[PDB]
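Asker: Please read through the structure below; I'll follow up with questions.
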Protein chains: 4
Amino acid sequence: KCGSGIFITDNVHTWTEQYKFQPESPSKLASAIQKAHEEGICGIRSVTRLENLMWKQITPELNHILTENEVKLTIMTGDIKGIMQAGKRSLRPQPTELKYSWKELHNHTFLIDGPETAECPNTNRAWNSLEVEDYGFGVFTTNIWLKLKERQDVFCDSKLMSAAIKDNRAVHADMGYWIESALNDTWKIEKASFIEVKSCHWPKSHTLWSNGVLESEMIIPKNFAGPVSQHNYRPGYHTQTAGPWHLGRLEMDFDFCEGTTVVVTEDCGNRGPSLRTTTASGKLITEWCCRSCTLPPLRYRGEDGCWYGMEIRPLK
Amino acid sequence: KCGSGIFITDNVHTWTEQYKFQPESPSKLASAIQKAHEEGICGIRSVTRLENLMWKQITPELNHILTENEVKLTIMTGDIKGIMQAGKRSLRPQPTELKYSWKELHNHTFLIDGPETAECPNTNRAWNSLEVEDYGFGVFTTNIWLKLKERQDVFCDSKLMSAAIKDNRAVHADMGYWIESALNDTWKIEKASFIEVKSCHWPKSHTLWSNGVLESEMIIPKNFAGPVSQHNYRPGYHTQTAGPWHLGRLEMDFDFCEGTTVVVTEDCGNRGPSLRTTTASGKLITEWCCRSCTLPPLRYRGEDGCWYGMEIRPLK
Amino acid sequence: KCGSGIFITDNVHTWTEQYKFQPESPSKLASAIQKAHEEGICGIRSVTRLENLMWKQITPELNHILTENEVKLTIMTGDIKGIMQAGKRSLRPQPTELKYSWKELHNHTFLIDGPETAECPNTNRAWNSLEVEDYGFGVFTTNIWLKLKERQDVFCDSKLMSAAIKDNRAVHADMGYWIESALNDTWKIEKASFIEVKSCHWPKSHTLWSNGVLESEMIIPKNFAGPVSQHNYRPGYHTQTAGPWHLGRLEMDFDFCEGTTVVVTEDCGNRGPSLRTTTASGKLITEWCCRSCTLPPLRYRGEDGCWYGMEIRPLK
Amino acid sequence: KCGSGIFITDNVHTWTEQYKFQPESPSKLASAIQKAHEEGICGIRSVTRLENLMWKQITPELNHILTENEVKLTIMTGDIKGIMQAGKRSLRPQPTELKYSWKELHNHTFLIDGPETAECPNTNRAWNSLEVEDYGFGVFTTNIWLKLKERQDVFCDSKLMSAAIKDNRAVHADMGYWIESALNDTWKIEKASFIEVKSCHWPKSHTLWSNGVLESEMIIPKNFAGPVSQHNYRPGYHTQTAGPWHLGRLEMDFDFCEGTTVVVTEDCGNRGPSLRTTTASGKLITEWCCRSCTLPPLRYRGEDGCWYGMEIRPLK
């Protein structure tokens, strides 16, 4: 009989850990580092948080398994501090290697993601090189996956992504971002969950209404993977370039923060970098104004106090 | 604790019946027809199949409940024959009415959807007037719903619609259309299920990659609600303007029809209207050629035999 | 990484049509009838509604394709009228056949489902013989499926079934039955959807709390596939043996029917067969009493008016 | 229109963290401990892992906020080491309290879950006292929840549970347990995921086929929350009472561990406590026998090497 048919559900993959990358075995990757090191590369800064974990998970192996190939170097991991900036280089295969598939530290230093930007510039660090392909299938081990990007690219991973819309709401999904929008009378952004900030450009292939979108009228800037959509719009708002992105995990919501309220005026100044966490004396500013805002204003919530959108400045 | 969170599944609403529209009670609707009839309107042709059913489900009521308001007219329903064309008019509130909320046929004739295009032109028939709003909630009775469109519009319903994508496939969903696309190496259309053909324009708010889309490089023409997307692309193809849309229920697939095969050549002519159901003698044409096609070609499947895309013509 | 994992959703398969059974091709089935006819079998009465449709869908073929095997007989289908009773016989393979896989009506009559119980007794009709196995996979055509039951059995089909529970509610699912229960303070039945009534016994392998269940304390009797569960319990209630099961499609709900109310008393009589659709004069009985009931009482809703549970009788 | 309807999906809640219990505010709970302490109670050992985390998450508050009520004591948290045994007492409200809703350590010791069984016996520790009710709704903060159990009970929490079955497989779900069974020809257990081991009895309200189940023919013993079901059966097997439950996180699978194979014989001895992780010399035993087993045998997998079921013993 018939029958159309119809299926598919999405998504069930928020805040998971994750992630490893062996396989792909460090054989090809380590040989790439050796051939990259002689090319003058110095550091690696990850494009995703789990990528930084995968380096940290496998780094002691490359500390010695690379030395098993009579080549000497040292690699040390670091920590995560938002924003997770972008490197200006990448490494490519080069699939030829001379080593054994499963068969330190006096030499020069090859950096790994760490708060040491003053040591080596981002212009001398590879970025967004290794990524799925292949897949995440199928026993939660990925996968064998994490193939090398043949072509230099700025877009994020195209595999672990999602976007959907059903009659009241549209969401954009990846490992970290959970931008969500709703429809009261006009489609507009409602809430979003941020757990990191990646500088990779959001890919058009997983957006909605990607027509006539103004880069200056967004909510989340494109440079921090802001989806090109009308769902990134909101009346009386503009891009949050100077927002508190340096914080690690964030939250998007239209509301009033605790003990504070905002009055719509016109004497209030123009946009400016966010504030309110915290006052030097530990106090707060109960007064708040915004010129072209729209109540409820944008509050910033995370592993900290409160911040407000750049349209919101204190009266005094 | 936290918590993101994450939910939502879609979709579960293919080939359902459906559909009624009372409530909204025929009180306001019937009074609108009475005020529309004195405005020179003659016919109604539905924008969706279920709308035609709703007329057929409620038509005997307006045959007499309208006469209870000392106004006389006659309305007769018809049948469905693809394509379900579009009327060039609409009716609008006008919310003032003088009748009773629940408290023929000698006069002039007000037409209803039926195969009688030679009687009254489509330019004298209302179209795409009544639609949800409000909703479908919540006991499968809609809803109270089916409010009047204040503004004349060409886009289809924005409520009962859906679209999604998850790491391998993207689909566009409504009551009837089930356009689906996949990713082997480049994103392209794979299959689609057609059960009617509505002339309402597909709205951009539920599409994907709606940038740089060429109206001449689609698969499904925009005039028959072809989503503006790269997922409507396919290499070596163009728009199916002259396809066998007159058939009621269709099927999109890249394959070879039974007992036939296609050889890629260059002497084969250019595109032309589809064929192969059936030969005047009941035979078939085993030979097939296409100039700029790409195997497997486009076959048309439905409540009939086989048809091929316009790029596919017989050698002889 | 890890990873548990976790998936599965259920269900999306209510009120679907469905259903065909070719394949399995009528080759083996028809030969079985021919060998069954010489065994003295006379009638066929389906165990599911869709089975009756499958007979009706394929019956003209066996009217003549059986005659192609130089054996003559006649078969006529009928209609569906609740309840869909059970036959006391069945047909079994016997896989040997002498005919062609795809290569009337003067002789005796082999009855099929029809309101002709006075003609041939149910004790001379086969029942619950053909069923899935194999499956419903995978293009909505089943399947090839509908294999013969090697062993005589009374339980319903074990393939197309479902049951689940998640923190507030438990449901039992098949093609037609949608028994549902909830938890306010003690687990109890809340609502159920009936679209047919099959006499096959509900299988224990898809129930819940199948311990210490009293056959006299159910809501839906076992003989009409009442799941053996505590979720079939309700305080102050018993089995609905004499309910209005003769109606085709039903509805289970705890509420008051329109224009009527029930007062809890003790002078009211004991249980008795249901009523209230309709009064001989077309009226209703606004007064209602029940001895050991519990408000809200059980109302019967369907393609008819209202009926009440046997615990509910009029005061006069 | 109609409409049945049909919905519900399950589950999406594996390996989450979780969990906090404020609210309910420690006001009532702390006063309960103070009144419990004068009743001779000594320690607390949690029934779930997240409960132990909840104690660890809130313990410093009760270290001092209890002292704010001019009563002095000390509470020290510990660690988790399987199995998470059961205490023989509980604490009950007693809702009367004299303190302030949000307005150490010289005194006696009130113990908390930790590897100190030699200090205070489990017979002098409360267990399975606090649990949801109320709910987990609705911002991932629960909830306000964690109400006191009015009645002493041995069953686990009834709220955060799940069980389902759909045409090929049945699963039992809670925070940690993911017992799963399938159907090849007879229903039998296939795989299960264990991340803790709780001594609370599995509740019958969320099982399947809870009839005629023999406590000696299960796979997972009832004392460690083994669902009473036929899905806990397996031919040629019995209960895993003496299994390696002392390990924290486990895995159920029918397979052969790496580098080892099992031969079915009869000279092999009877059942015995599991082994094979590891040999005193770090070796393995490639030879394996089992009297009444059935290939593939039961392997134990987790944060360790391999173990085999009690039916499997070495030949030598």
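Going through the structure tokens in order, the chains are called A, B, and so on, while each chain numbers its residues from 1 and the ligands are numbered from 1 in the order shown.
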List the neighbours of residue 181 of chain B out to 12 Å using only C-alpha atoms; skip same-chain residues closer than 6 positions along the sequence, and give me the result as a PyMOL selection string.
Answerer: chain B and resi 163-173+187-193+208+219+227+229-234+252-254
Asker: Residues of segment 142-288 of chain D classed as strand (DSSP E or B) by DSSP on the backbone are to be reported as a ChimeraX atom specification.
Answerer: /D:147-148,155,162-165,169-173,178-183,187-194,198,201,250-254,263-264
Asker: Would you list which chain D residues are within 8 Å of chain B using only C-alpha atoms, as a ChimeraX atom specification?
Answerer: /D:1-5,17-20,139-142
Asker: Those selected residues, please, written with N, CA, C and O atoms and delivered as a tab-separated table (two decimals), in the first residue's frame.
Answerer:
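Once written, result-v2.tsv looks like this:
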```
chain	number	residue	atom	x	y	z
D	1	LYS	N	-11.91	17.65	12.32
D	1	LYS	CA	-11.83	16.30	11.78
D	1	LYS	C	-11.25	15.33	12.81
D	1	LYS	O	-11.01	15.71	13.96
D	2	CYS	N	-11.04	14.08	12.39
D	2	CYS	CA	-10.47	13.05	13.25
D	2	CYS	C	-9.54	12.18	12.42
D	2	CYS	O	-9.84	11.87	11.26
D	3	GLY	N	-8.40	11.80	13.01
D	3	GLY	CA	-8.03	12.20	14.35
D	3	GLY	C	-8.21	11.10	15.38
D	3	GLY	O	-9.30	10.54	15.51
D	4	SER	N	-7.15	10.78	16.11
D	4	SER	CA	-7.21	9.75	17.14
D	4	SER	C	-6.97	10.29	18.55
D	4	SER	O	-7.80	10.04	19.43
D	5	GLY	N	-5.88	11.01	18.82
D	5	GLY	CA	-4.73	11.24	17.95
D	5	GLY	C	-3.60	10.31	18.33
D	5	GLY	O	-3.84	9.24	18.88
D	17	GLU	N	23.89	15.05	33.40
D	17	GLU	CA	24.28	15.61	34.69
D	17	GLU	C	23.73	17.03	34.79
D	17	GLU	O	24.02	17.86	33.91
D	18	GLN	N	22.92	17.35	35.82
D	18	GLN	CA	22.31	16.50	36.88
D	18	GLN	C	23.28	16.01	37.96
D	18	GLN	O	24.41	15.62	37.68
D	19	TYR	N	22.83	16.04	39.22
D	19	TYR	CA	21.51	16.56	39.58
D	19	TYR	C	21.55	17.38	40.86
D	19	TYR	O	22.31	17.07	41.79
D	20	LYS	N	20.73	18.42	40.91
D	20	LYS	CA	20.56	19.26	42.09
D	20	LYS	C	19.17	19.06	42.67
D	20	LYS	O	18.26	18.55	42.00
D	139	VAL	N	12.87	23.85	33.43
D	139	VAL	CA	14.01	24.57	32.88
D	139	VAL	C	15.27	23.78	33.19
D	139	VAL	O	16.34	24.37	33.41
D	140	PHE	N	15.14	22.46	33.24
D	140	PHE	CA	16.17	21.49	33.62
D	140	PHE	C	16.50	21.56	35.10
D	140	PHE	O	17.32	20.76	35.58
D	141	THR	N	15.90	22.47	35.86
D	141	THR	CA	16.05	22.53	37.30
D	141	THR	C	14.91	21.74	37.93
D	141	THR	O	13.74	21.96	37.60
D	142	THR	N	15.25	20.83	38.84
D	142	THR	CA	14.30	19.88	39.40
D	142	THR	C	14.02	20.25	40.86
D	142	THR	O	14.88	20.07	41.73
```
Asker: Grab the atom CA of residue 36 of chain A to atom CA of residue 117 of chain A distance for me, in Å with one decimal place.
Answerer: 19.8 Å
Asker: Could you please determine the separation between atom CA of residue 97 of chain B and atom CA of residue 57 of chain B in Å, to one decimal place?
Answerer: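 Pair atom CA of residue 97 of chain B / atom CA of residue 57 of chain B returns 22.8 Å.
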Asker: Find the residues near segment 286-300 of chain C: any atom within 6 Å, counting only C-alpha atoms, skip ones fewer than 3 places away on the same chain, and give them as JSON, numbers by chain.
Answerer: {"C": [236, 251, 254, 255, 260, 262, 263, 264, 265, 266, 268, 306, 307, 308, 309, 311, 312, 313, 314, 315]}
Asker: Quick one: write out the picked residues with C-alpha atoms as a tab-separated table (two decimals), in the first residue's frame?
Answerer:
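The file below, selection27.tsv, is the result:
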```
chain	number	residue	atom	x	y	z
C	236	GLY	CA	-15.46	1.51	41.43
C	251	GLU	CA	-14.27	6.33	22.25
C	254	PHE	CA	-14.45	9.86	31.79
C	255	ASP	CA	-16.92	12.73	31.41
C	260	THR	CA	-27.02	14.95	31.23
C	262	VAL	CA	-25.18	11.63	37.13
C	263	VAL	CA	-25.82	11.65	40.89
C	264	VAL	CA	-24.12	9.05	43.08
C	265	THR	CA	-26.72	7.09	45.06
C	266	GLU	CA	-27.35	3.61	46.47
C	268	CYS	CA	-29.89	2.66	41.90
C	306	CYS	CA	-24.08	8.77	23.75
C	307	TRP	CA	-23.98	5.62	25.85
C	308	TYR	CA	-23.02	5.16	29.49
C	309	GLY	CA	-21.29	2.39	31.39
C	311	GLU	CA	-22.75	0.90	36.31
C	312	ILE	CA	-24.89	3.85	35.15
C	313	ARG	CA	-28.67	3.35	34.98
C	314	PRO	CA	-31.53	5.87	35.05
C	315	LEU	CA	-33.31	6.53	38.32
```
Asker: Got a sec: who's within 9 Å of residue 73 of chain D, counting only C-alpha atoms, leaving out chain neighbours fewer than 3 positions off, as a PyMOL selection string?
Answerer: chain D and resi 34+63+66-67+104-110
Asker: If I take atom CA of residue 198 of chain A and atom CA of residue 154 of chain A, how far is one from the other in Å, to one decimal?
Answerer: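 Between these atoms lies a distance of 11.2 Å.
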Asker: Find the residues around segment 119-129 of chain B up to 10 Å (only C-alpha atoms counted), leave out those fewer than 6 positions away in its own chain, and share them as an NGL selection string.
Answerer: :B and (36 or 40-48 or 51 or 85-93 or 110-113 or 146-157 or 200)
Asker: Quick one: write out the picked residues with N, CA, C and O atoms as a short mmCIF file (atom, residue, chain, number, x, y, z; two decimals), in the first residue's frame?
Answerer:
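Written file, again.cif:
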```
data_model
loop_
_atom_site.label_atom_id
_atom_site.label_comp_id
_atom_site.auth_asym_id
_atom_site.auth_seq_id
_atom_site.Cartn_x
_atom_site.Cartn_y
_atom_site.Cartn_z
N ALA B 36 -20.08 39.36 -1.25
CA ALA B 36 -19.23 39.15 -2.41
C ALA B 36 -20.05 38.98 -3.68
O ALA B 36 -19.66 39.45 -4.75
N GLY B 40 -20.01 41.04 -7.80
CA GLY B 40 -19.74 40.48 -9.11
C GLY B 40 -18.91 39.22 -9.14
O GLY B 40 -18.58 38.74 -10.24
N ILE B 41 -18.55 38.66 -7.99
CA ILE B 41 -17.80 37.40 -7.98
C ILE B 41 -18.72 36.27 -8.42
O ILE B 41 -19.94 36.29 -8.18
N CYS B 42 -18.15 35.27 -9.09
CA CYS B 42 -18.93 34.18 -9.64
C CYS B 42 -18.55 32.81 -9.09
O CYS B 42 -19.44 32.02 -8.76
N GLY B 43 -17.26 32.50 -8.98
CA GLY B 43 -16.83 31.16 -8.64
C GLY B 43 -15.81 31.14 -7.52
O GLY B 43 -15.26 32.16 -7.12
N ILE B 44 -15.59 29.93 -7.01
CA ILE B 44 -14.55 29.65 -6.02
C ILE B 44 -13.79 28.42 -6.48
O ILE B 44 -14.40 27.37 -6.75
N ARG B 45 -12.47 28.52 -6.57
CA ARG B 45 -11.60 27.37 -6.81
C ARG B 45 -10.56 27.32 -5.70
O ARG B 45 -9.84 28.30 -5.48
N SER B 46 -10.48 26.19 -5.01
CA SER B 46 -9.70 26.08 -3.79
C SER B 46 -8.20 26.16 -4.08
O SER B 46 -7.74 25.92 -5.19
N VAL B 47 -7.45 26.51 -3.03
CA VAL B 47 -5.99 26.52 -3.11
C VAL B 47 -5.39 25.19 -2.63
O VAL B 47 -4.30 24.82 -3.07
N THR B 48 -6.09 24.47 -1.75
CA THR B 48 -5.67 23.15 -1.31
C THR B 48 -6.80 22.16 -1.57
O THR B 48 -7.97 22.53 -1.67
N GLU B 51 -9.28 22.07 1.24
CA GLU B 51 -10.20 23.20 1.14
C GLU B 51 -11.38 22.85 0.24
O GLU B 51 -12.53 23.12 0.59
N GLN B 85 -5.83 24.85 -10.52
CA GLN B 85 -5.38 26.16 -10.97
C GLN B 85 -5.70 27.23 -9.92
O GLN B 85 -6.29 26.96 -8.87
N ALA B 86 -5.31 28.46 -10.23
CA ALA B 86 -5.44 29.58 -9.30
C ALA B 86 -6.42 30.60 -9.85
O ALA B 86 -6.39 30.93 -11.04
N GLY B 87 -7.30 31.10 -8.98
CA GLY B 87 -8.16 32.21 -9.35
C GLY B 87 -7.47 33.55 -9.16
O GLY B 87 -6.52 33.69 -8.39
N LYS B 88 -7.97 34.55 -9.88
CA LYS B 88 -7.34 35.87 -9.92
C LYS B 88 -7.98 36.87 -8.96
O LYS B 88 -7.63 38.05 -9.00
N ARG B 89 -8.92 36.43 -8.13
CA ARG B 89 -9.61 37.30 -7.18
C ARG B 89 -9.57 36.69 -5.79
O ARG B 89 -9.03 35.60 -5.58
N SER B 90 -10.16 37.40 -4.84
CA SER B 90 -10.30 36.93 -3.47
C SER B 90 -11.40 37.73 -2.79
O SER B 90 -11.82 38.78 -3.29
N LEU B 91 -11.87 37.22 -1.66
CA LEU B 91 -12.88 37.89 -0.85
C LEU B 91 -12.30 38.23 0.51
O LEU B 91 -11.47 37.48 1.05
N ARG B 92 -12.70 39.37 1.06
CA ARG B 92 -12.10 39.91 2.26
C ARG B 92 -13.18 40.42 3.21
O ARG B 92 -14.25 40.85 2.77
N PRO B 93 -12.91 40.39 4.52
CA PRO B 93 -13.82 41.05 5.46
C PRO B 93 -13.54 42.55 5.53
O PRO B 93 -12.39 42.97 5.42
N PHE B 110 -23.69 30.91 -8.04
CA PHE B 110 -22.35 31.20 -7.56
C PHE B 110 -21.55 29.90 -7.63
O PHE B 110 -21.87 28.94 -6.92
N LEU B 111 -20.53 29.87 -8.48
CA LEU B 111 -19.85 28.62 -8.78
C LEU B 111 -18.94 28.20 -7.63
O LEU B 111 -18.52 29.01 -6.80
N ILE B 112 -18.66 26.90 -7.59
CA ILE B 112 -17.74 26.31 -6.62
C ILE B 112 -16.78 25.45 -7.45
O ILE B 112 -17.08 25.14 -8.60
N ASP B 113 -15.63 25.09 -6.88
CA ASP B 113 -14.60 24.32 -7.58
C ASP B 113 -15.21 23.15 -8.35
O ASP B 113 -15.84 22.26 -7.77
N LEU B 146 -9.38 28.85 10.30
CA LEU B 146 -9.81 29.31 8.99
C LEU B 146 -10.36 30.74 9.08
O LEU B 146 -11.53 31.01 8.81
N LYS B 147 -9.48 31.65 9.49
CA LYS B 147 -9.79 33.07 9.50
C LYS B 147 -9.62 33.65 8.10
O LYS B 147 -8.95 33.08 7.24
N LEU B 148 -10.24 34.80 7.88
CA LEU B 148 -10.17 35.47 6.59
C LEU B 148 -8.85 36.22 6.44
O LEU B 148 -8.36 36.83 7.40
N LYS B 149 -8.28 36.16 5.24
CA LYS B 149 -7.04 36.88 4.95
C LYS B 149 -7.37 38.36 4.77
O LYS B 149 -8.05 38.74 3.81
N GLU B 150 -6.88 39.19 5.70
CA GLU B 150 -7.13 40.62 5.61
C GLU B 150 -6.48 41.21 4.36
O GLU B 150 -7.07 42.05 3.68
N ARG B 151 -5.27 40.77 4.04
CA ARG B 151 -4.51 41.27 2.90
C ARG B 151 -4.48 40.24 1.79
O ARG B 151 -4.27 39.05 2.04
N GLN B 152 -4.72 40.69 0.56
CA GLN B 152 -4.56 39.82 -0.60
C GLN B 152 -3.13 39.31 -0.66
O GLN B 152 -2.18 40.08 -0.57
N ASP B 153 -2.98 38.00 -0.83
CA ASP B 153 -1.67 37.37 -0.82
C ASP B 153 -1.65 36.20 -1.80
O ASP B 153 -2.69 35.59 -2.08
N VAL B 154 -0.46 35.90 -2.31
CA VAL B 154 -0.27 34.79 -3.23
C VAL B 154 0.41 33.60 -2.56
O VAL B 154 0.23 32.46 -3.02
N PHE B 155 1.15 33.81 -1.48
CA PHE B 155 1.86 32.73 -0.81
C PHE B 155 0.87 31.73 -0.21
O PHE B 155 -0.27 32.06 0.13
N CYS B 156 1.32 30.48 -0.09
CA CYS B 156 0.51 29.43 0.51
C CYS B 156 0.42 29.63 2.02
O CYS B 156 0.94 30.60 2.58
N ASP B 157 -0.27 28.70 2.68
CA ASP B 157 -0.43 28.78 4.13
C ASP B 157 0.93 28.68 4.82
O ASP B 157 1.78 27.87 4.44
N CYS B 200 -0.21 28.21 -5.70
CA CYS B 200 0.25 29.21 -4.75
C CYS B 200 1.77 29.20 -4.67
O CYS B 200 2.41 28.14 -4.71
#
```
Asker: Any chance you could list, as a PyMOL selection string, the residues in segment 75-268 of chain B that come up helix (DSSP H, G or I) when DSSP is run on the backbone?
Answerer: chain B and resi 122-124+204-206+222-224+230-232
Asker: Any idea what's packed within 12 Å of residue 102 of chain B, counting only C-alpha atoms, ignoring anything in its chain fewer than 4 positions away? Could you give it as an MDAnalysis selection string?
Answerer: chainID B and resid 22:28 30 61:62 65:66 68:69
Asker: Could you write those residues out with N, CA and C atoms, as a compact mmCIF listing (two decimals), in the first residue's frame?
Answerer:
```
# COMPACT_ATOMS: atom_id res chain seq x y z
N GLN B 22 -15.49 24.16 10.33
CA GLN B 22 -16.53 24.67 11.22
C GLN B 22 -16.32 24.13 12.62
N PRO B 23 -15.91 24.95 13.60
CA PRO B 23 -15.62 26.39 13.47
C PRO B 23 -14.30 26.65 12.73
N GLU B 24 -14.15 27.78 12.03
CA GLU B 24 -15.08 28.91 12.01
C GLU B 24 -16.46 28.61 11.42
N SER B 25 -17.49 29.02 12.15
CA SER B 25 -18.86 28.76 11.75
C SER B 25 -19.17 29.47 10.43
N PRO B 26 -20.02 28.88 9.59
CA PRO B 26 -20.34 29.49 8.30
C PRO B 26 -21.08 30.82 8.40
N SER B 27 -21.31 31.34 9.61
CA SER B 27 -22.00 32.61 9.76
C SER B 27 -21.28 33.73 9.02
N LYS B 28 -20.04 34.02 9.44
CA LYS B 28 -19.28 35.09 8.80
C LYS B 28 -18.98 34.77 7.34
N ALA B 30 -20.66 32.84 5.13
CA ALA B 30 -21.83 32.97 4.26
C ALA B 30 -22.18 34.43 4.00
N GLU B 61 -25.17 23.23 3.56
CA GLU B 61 -25.59 24.19 4.58
C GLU B 61 -25.78 25.58 3.99
N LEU B 62 -24.76 26.09 3.29
CA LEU B 62 -24.88 27.39 2.65
C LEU B 62 -25.94 27.40 1.56
N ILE B 65 -28.88 27.59 4.58
CA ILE B 65 -28.69 28.52 5.69
C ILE B 65 -28.51 29.95 5.18
N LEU B 66 -28.00 30.11 3.96
CA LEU B 66 -27.94 31.43 3.36
C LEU B 66 -29.33 31.92 2.98
N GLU B 68 -31.93 31.27 4.59
CA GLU B 68 -32.57 31.69 5.83
C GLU B 68 -32.37 33.17 6.10
N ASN B 69 -31.41 33.81 5.43
CA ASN B 69 -31.19 35.25 5.51
C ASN B 69 -31.86 35.99 4.35
```
